[PDB]
Structure formats: structure tokens, C-alpha cells
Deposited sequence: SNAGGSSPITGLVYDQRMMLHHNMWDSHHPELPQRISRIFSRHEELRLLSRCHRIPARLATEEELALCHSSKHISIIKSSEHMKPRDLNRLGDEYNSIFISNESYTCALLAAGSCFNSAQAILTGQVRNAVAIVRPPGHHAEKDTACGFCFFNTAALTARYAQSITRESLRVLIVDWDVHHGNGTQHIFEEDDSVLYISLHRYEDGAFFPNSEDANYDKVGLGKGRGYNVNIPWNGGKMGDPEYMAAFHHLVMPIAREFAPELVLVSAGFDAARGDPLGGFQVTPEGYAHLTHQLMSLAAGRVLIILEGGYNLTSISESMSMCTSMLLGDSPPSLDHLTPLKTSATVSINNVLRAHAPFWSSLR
């Protein structure tokens, strides 16, 4: 359907990112095959040849310092040279981390791939893009790794984008991974130039990463007050109706009022139907509709960054549907909310109405 003036979608994927692995447990859910399966599905669905292929690169240590401490950079960098006993001991210093000799390099490639993709978008080489990267990023804090994440790819990309345009570039990060992006929240908690909106299974703080920082009443600090939006789910499985309602009532009104100039999606697919770690029911068509809504922001400048997601079929179908939307395909055809989901949405509305006229 696309013709000479149709917008272009970028895609980054590099099999080097498969080298990070759990050397003790080949069945750990954060598998190398996550990215190769998503990439394969893009070939099967004839999406790859429709995209402009963006190369990966490594992030530099100076770029990592946009968000991370010198200590954290140094320690993770040192893991490249460690023997298994030390890799095991180092990983045990963090919550839910495994490390191999290739982990640091893979984390650098995930970040650099997203920097290249943001650069392609912001220079107009492509309109939007998809980054099929691992390890994930959103639990990584300034000073520590966490939850399968070493460096905060999305947060770094936001800063990188500002560094190659202007400091005030308004970046929206929408984090639809089923888990709260604690690191992204904290990195930007005092920042009004980066709006963080997370939807996540919360369960009154019982669900990983197990902190009440993920609740709706954490709205940001100082100049960042209002610029941190947590949409926490309690009461078990949520799906398309709840996510569509959260987008309709919260994500899209706040985002439109913020008027981002770049949208980054921390696109985990662990809220997907079939995911045994998330336990939720978002369908591929649901993810397509979320993507299509975000495309209406920022003059279409959207970068979808893989985070979590552990059912290989589910993530492959879901991320492919997102790319299909970015490419301009028609959204697929797509109910009362769970009672607790209405409660959650109304709690966020109460918390953020003081800051966002679109909600009053």
C-alpha cells in the first residue's frame, strides 16, 4: 500500500544480543531466543522487508553516564573479564540478575541500538521504529542492576535524544511491561522534561519489584510533580478492556496535554495472554490498538523498545502487531472492567487531576 511519500518505519535487531545468557540455567525465562523469535516472526509476516534496517552500536561509557553512576558502569564493565564463580557472586549482589561474560556488551548494544533508532527518528530518516533488544532496561537504577536489567535503555535513550536535539525535548516514556519500571521512575522523578507513565500489576506492593513506589500516589517530586503517572492494577488478571480504558481516560489525555516531541515505549510483552510470569490477558490486537493510539502523539515519532515478555509465541505475535501498526496497517477489530480496575483508574484520576487540566 505504501507509496513514495508514505512514512518509513525503522527496525533494529542484532543477533549479538543473544550472547547474554544464564550459564547455569539454559531454561531461565529471559532467553536469547526472545529476540530471535520476534525477529523471525517479522520475517514470516513480511514486516522486515517493509522496514528500514537501522544498525546496532555500542553505547559509550559517557552515554551510560547520562543516567548511571561511575561505580555501576565500572562494576558491570568488569564482569566481561570474570570467571563463573565471580559472575555468580556478582549477580547475587542484585535482585534477580544473572551475568555472563557477554552481558555488559549486550547491554551496551541494547542501548546503542536505541540511540541509533532515536537518532534516525529525530533526524527524519524514519518516522517511527522498533528495537528488538535484550537484556531489558526499565528496572535498572542509577547505581544498580535489577530484574534482568543492567542499564536503563529507555531512560538513556530519552537523555540521548535530548543531547542530540535540545535539553528541553519533551519525551514521553510509556511503560506497558507488566512490571513497574522502578529505575525509569526514579531517574526522572524530579524531571518535568520526561513524562513517565507506567501501567503495571501492583497487588498492593506484592508483585515484583515489590515496592510501594509503584502506587498511584507517587506523582513525582519537585519540578517533576505531576510528571510521574503510575497506573497500578490490583486483583489479578487484566486485559484489553482495562488497558484500553486506562489509555482512554489517563494515558492519552495526559500525553496530549504534555505534547511530547518523542515517545518511547518500554514495551514489555509480559502482560500478554499466555505469559506465565505476568498472568494477564492483553492480546496482540490489544497491543496493536495501544500502539496505534500512541502514533497520534509526537507527530508519529514513536520508538518501541522491547523490555520483558516470556511466552515466545505471545511476544513474537504481539511485537509484530505493533510493527504492523507503525507501518500504517489498519488496526484489527477489537466490555465491563474488572471492578478493581475501575477503582485503580479512578484513583489515578484523583491523584493527577491536580496536575493535568485534561483530567478535570
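Sequence ranges 1, 336-338 have no coordinates in this entry (deposited sequence, numbered from 1, C-alpha basis).
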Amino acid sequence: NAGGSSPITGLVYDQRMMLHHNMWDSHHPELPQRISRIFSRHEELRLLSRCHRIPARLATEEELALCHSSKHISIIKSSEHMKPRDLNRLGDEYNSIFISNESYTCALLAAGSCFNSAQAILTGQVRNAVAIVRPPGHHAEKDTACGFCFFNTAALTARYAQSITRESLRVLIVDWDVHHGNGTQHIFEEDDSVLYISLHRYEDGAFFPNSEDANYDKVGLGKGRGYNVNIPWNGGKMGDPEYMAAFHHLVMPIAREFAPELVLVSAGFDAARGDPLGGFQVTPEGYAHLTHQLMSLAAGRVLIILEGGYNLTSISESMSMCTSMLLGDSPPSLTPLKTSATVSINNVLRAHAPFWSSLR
From here on, numbers count along this sequence of modelled residues.
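Whichever C-alpha set is largest while still superposing within 1.5 Å between the two forms counts as the rigid core.
Relative to the displayed structure, the C-alphas of 232-240 lie farther away on average in 9 other deposited structures of this protein than those of the other candidate, with 130-138 and 232-240 compared after rigid core superposition. When the C-alpha B-factors of 340-348 and 10-18 are averaged, 340-348 comes out higher. Between the stretches 308-316 and 24-32, it is 24-32 that shows the larger average CA temperature factor. Within the selection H200, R159, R170, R89, the deposited Cα B-factor values reach their highest point at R89. When the Cα B-factors of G147, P232, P241, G268 are read from the PDB record, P241 comes out highest.
In the PDB entry, a CA B factor belonging to the highest third of its chain's modelled residues is recorded for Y216.
In the deposited entry, the Cα temperature factor of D192 sits in the top third of values across the chain's modelled residues. For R50, the recorded CA B-factor ranks within the highest third of the chain. Only modelled residues enter the ranking.
When the modelled residues of the chain are ordered by their C-alpha B factor, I75 lands in the middle third. Annotation for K223: C-alpha temperature factor in the highest third relative to the rest of the modelled chain, per the entry.
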